[PDB]
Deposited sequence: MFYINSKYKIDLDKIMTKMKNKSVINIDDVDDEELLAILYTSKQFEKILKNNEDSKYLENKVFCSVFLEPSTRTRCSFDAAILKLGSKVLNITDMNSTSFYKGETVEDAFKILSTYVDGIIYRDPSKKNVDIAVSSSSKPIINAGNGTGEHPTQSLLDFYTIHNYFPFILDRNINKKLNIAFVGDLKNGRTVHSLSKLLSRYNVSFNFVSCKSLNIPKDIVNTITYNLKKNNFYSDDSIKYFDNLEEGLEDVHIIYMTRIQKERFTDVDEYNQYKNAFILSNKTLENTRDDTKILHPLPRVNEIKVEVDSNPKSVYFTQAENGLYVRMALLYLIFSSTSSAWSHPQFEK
């Protein structure tokens, strides 16, 4: 189709996925391609059991029901099995024990571990100590790689020229709301800036985007000669914010409540993403508007997570 695969599978076998930076251009292509294969299989109610005989541990040490249920659905649909650790925090699970000991032991029982922990540190220790691959399901640095991949998958389906890399093939996107703490913005901003992309950061002063992320965007745009001083624009209101943008990404939380009113002066092709849950940021009326795709976006998580597990754990 585009790139070799099956030597990309060889490259991904037993790979830990902690940060979106652990995923290079070829791996992204395998994932996006594999994700699309699982989409059609499931949409045709065909056999999905392409990874059996595998037993995974799911460790969720913060309530994050939707990501856990996603990862469990992916594991079960591939025809594998999973033991769950759940409804506990960092302290009830470790009790006394060091993370290093806990992961050294847990990794002798299972083929791989899905790990969510508020602590940035704990996931890094867990990779140090685990004899088995770990997928980060979310931590405290805002590394949530599988959210980036399904965010990117969703975009790719409506605008596949993001992948084509060409000063012609330029996508514009507006991130809106809490840009300081929207770690989902940061992770995706990082993946996007590898391609021909422009950014409208719509925030209220105290929640402006961090400079560290601006510098990574700038660095990565320059690497592919897609950077200009018109690559990044800041806005204080939705009016101007929501303009010539192919994607509107709303963050969790306000100042910016998306209505059918405020979507009147957007491109006709604009699509609206939201990692969810929404609390007020997007009004129920918008759900009917064919520009909204946040529910397809959540659905895509299944197909992407199946792809990632198949690519890493298949023998």
Unmodelled intervals of the deposited chain, in order: 1 to 7, 261 to 275, 338 to 349
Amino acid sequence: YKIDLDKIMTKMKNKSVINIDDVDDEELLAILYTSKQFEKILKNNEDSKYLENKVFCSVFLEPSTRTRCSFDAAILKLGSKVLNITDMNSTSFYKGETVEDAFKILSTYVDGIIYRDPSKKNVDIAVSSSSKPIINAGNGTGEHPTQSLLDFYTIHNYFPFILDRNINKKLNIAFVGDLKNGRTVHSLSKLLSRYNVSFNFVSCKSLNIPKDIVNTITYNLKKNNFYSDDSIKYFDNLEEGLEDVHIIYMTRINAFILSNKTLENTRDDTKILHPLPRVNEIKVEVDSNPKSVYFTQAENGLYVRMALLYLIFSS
From here on, numbers count along this sequence of modelled residues.
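Take the two forms, superpose them, and find the largest set of C-alpha atoms that agree within 1.5 Å; that set is the rigid core.
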Comparing C-alpha positions in 6 other deposited structures of this protein against this form, with the rigid core used for the fit, which stretch differs more, 255 to 263 or 59 to 67? 255 to 263
For a rigid core alignment of each structure in 6 other deposited structures of this protein onto the shown form, which stretch has the higher root mean square Cα deviation: 108 to 116 or 164 to 172? 164 to 172
Out of 60 to 68 and 285 to 293, which one has CA B-factors that are higher on average in the deposited record? 285 to 293
Mind pulling up the entry and telling me whether 231 to 239 or 100 to 108 has the higher mean Cα temperature factor? 231 to 239
Of the choices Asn53, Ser48, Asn254, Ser35, which one's C-alpha carries the largest B-factor in the record? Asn254
From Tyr115, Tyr94, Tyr153, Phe161, pick the one with the largest CA B-factor in the entry? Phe161
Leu78: CA B-factor among chain residues, third -> lowest
What third of its chain's C-alpha B-factors does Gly142 belong to: lowest, middle or highest? middle
Once the chain's modelled residues are ordered by C-alpha B factor and cut into thirds, is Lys13 in the lowest, middle or highest one? middle
Chain third (lowest, middle, highest) by recorded CA B-factor, residue given as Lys132: lowest
Would you mind ranking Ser90 by its C-alpha B-factor against the rest of the chain and naming the third, lowest, middle or highest? middle
